[PDB]
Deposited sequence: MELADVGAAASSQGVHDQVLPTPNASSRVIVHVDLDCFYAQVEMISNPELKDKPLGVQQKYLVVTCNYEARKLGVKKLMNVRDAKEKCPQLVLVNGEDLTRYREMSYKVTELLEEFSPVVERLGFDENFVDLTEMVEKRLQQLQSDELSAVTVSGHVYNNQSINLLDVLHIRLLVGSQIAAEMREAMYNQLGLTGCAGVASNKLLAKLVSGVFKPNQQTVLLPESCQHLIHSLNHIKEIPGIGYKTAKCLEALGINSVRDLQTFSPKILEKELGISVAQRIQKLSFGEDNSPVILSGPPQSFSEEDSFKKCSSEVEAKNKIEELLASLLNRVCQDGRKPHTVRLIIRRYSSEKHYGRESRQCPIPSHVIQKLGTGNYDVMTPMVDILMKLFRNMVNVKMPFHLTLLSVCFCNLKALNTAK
């Protein structure tokens, strides 16, 4: 039942990728830009004040020497993202992606094989790699401690391979489940790793200051909890199950309250190939006529090239729009003969259009 899970969290991923392609930008503070947004920055810029998702106006304010590169095209980030996941899959095949720059790996079966290969002698010599959360003392006779320290050794091999083979730095967190791994991976945050022994789990969850810091408690759920006086992790731990169920659902309540104790039995999922491919175009109410077909041909151009190289074929297309004030969409299957090309796809899309600041196209239902 007992698991060893690692969470791998790349430092400022878009920035890293841009700094590799143009070493010119290392040393100088770097911001990666999407419209008016500095969506990530290298660490020199984080020293000078730049925060994730800051206005490009605010960001030059706090740092007029800030270099900006455009990050509206995710192609390179996406490709390097899969290079990371694939490398980790070599260590153990069950890798779960979370966004482009985080991965989960269930190391249990791998930790176990390594322990079976040791003799009693060196067992007393198992050492941690990296930080131990909360400076907690190790008990080498605790088989749980021993297995997590091996997990920490694998975690370090992972981060080293990632640097040696892909030039990427990153953090890792080793714990007994996904929640705890992800919470502990960030404790020492520039390119380091931390392992969480069971005795310090409550210290970990209680180190959080707002409930939204729990992965799984989002913009809506946090807001609903604040509206019930629930504000700290302990508040959620002690709050009435019953009231919580009736207010948010048996599903949401029962799951975030388990999370509030640091419990999380959800398995590491094999993410494998993507389930969808999409692209977006945003713009200040810059589309007011049906000649927004050109934007839709643009997105199609790139998506068609992405799906081709994938191999699998999508069997659904979806068009998404945003109006000047939620999003709205319309999907439909992709005709059989189309699966086996630009021109049929656009009128399909424009029929979806007419049936209905941003245009997006999504290819899902892949076979």
Quiz item: Hey, which stretches of the deposited sequence didn't make it into the model?
Solution: 1 to 25, 351 to 355, 371 to 378, 395 to 403, 415 to 420
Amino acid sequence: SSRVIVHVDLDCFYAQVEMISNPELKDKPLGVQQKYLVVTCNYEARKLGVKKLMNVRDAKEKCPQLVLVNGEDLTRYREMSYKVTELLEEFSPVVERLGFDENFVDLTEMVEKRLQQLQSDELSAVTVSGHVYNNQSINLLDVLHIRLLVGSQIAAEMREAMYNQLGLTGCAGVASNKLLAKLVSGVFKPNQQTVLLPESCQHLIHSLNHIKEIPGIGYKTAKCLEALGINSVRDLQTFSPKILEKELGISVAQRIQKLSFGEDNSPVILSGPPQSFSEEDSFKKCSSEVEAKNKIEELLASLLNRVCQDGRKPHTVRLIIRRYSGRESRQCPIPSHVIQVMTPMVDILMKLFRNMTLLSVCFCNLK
From here on, numbers count along this sequence of modelled residues.
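If you superpose the two forms and keep the largest set of C-alpha atoms that fall within 1.5 Å, you have the rigid core.
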Quiz item: Do the Cα atoms of 240 to 248 stray more than those of 188 to 196 in 9 other deposited structures of this protein, or is it the other way round, with the core held fixed?
Solution: 240 to 248
Self-check item: Stretch departing more from the displayed form, 200 to 208 or 286 to 294, Cα RMS in 9 other deposited structures of this protein (core fit)
Solution: 286 to 294
Exercise. Quick one: say whether 248 to 256 or 138 to 146 has the higher mean Cα B-factor in the deposited entry.
Key: 248 to 256
Self-check item: 273 to 281 set against 118 to 126, stretch whose average Cα temperature factor tops the other in the entry
Solution: 118 to 126
Quiz item: Checking the entry, which one of 294, 192, 165, 176 has the top C-alpha B factor?
Solution: 294
Quiz prompt | residue 350 - Cα temperature factor, lowest/middle/highest third of chain | solution = highest
Self-check item: residue 201 - which third its CA temperature factor falls in, relative to the rest of the chain
Solution: lowest
Exercise. Quick one: classify residue 226 as lowest, middle or highest third of the chain based on its Cα B-factor.
Key: highest
Exercise. Grab the CA temperature factor for residue 359 from the record and place it in the lowest, middle or highest third of its chain.
Key: middle
Quiz prompt | Third of the chain's Cα B-factor distribution that residue 242 belongs to, per the entry | solution = highest
